[PDB]
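Heads up, the chain below is alone and in the form deposited in one PDB entry; it's given as structure tokens.
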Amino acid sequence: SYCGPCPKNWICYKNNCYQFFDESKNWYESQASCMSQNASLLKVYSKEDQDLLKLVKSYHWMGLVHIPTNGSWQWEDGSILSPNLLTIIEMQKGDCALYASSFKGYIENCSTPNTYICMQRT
């Protein structure tokens, strides 16, 4: 009946707090931006709990960072990208991922300006 604690004017859904920034900046900058407001970039951990993410259009930086040695990815908070959550689209050389509609993540150059999503739960 009440959506979990969130800042002012932040999208709240199932007690998660999202915020889409129209401003176009690079991953590094996007990271800091969220950082600078007690929040992370965007971490996908549940298709169910994070259902609304399939209605979003365009591409947005997520809090994904990979280790190009295990071809694996992990989030800012140190946790690994659990399988069966995101369909990572692989043209590379890039080392960052952009969240795209219907649980997809396009790998791109981390220095390419782009809109981003900040998340904060609880």
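Definition used throughout: the rigid core is the maximal C-alpha set that superposes within 1.5 Å between two forms. Residue numbers run from 1 along the displayed sequence.
In this entry, the higher average B-factor at the C-alpha atoms falls on 29 to 37, of the pair 56 to 64 and 29 to 37. Comparing the deposited coordinates for 7 to 15 and 98 to 106, the stretch with the larger average C-alpha B-factor is 7 to 15.
Taking only the listed residues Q50, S79, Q92, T87, the entry reports the highest CA temperature factor at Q92.
This next part talks about the form deposited in another entry, which is not shown.
Fit the rigid core and compare the CA positions between the shown form and the other one: of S58, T87, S72, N38, just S72 moves by 2 angstroms or more. A change of 3 Å or more separates the two forms for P68 and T87: their C-alpha atoms lie farther apart in the other form. Compared with the form shown here, the Cα atoms of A39 and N70 sit 3 Å or more closer together in the other form.
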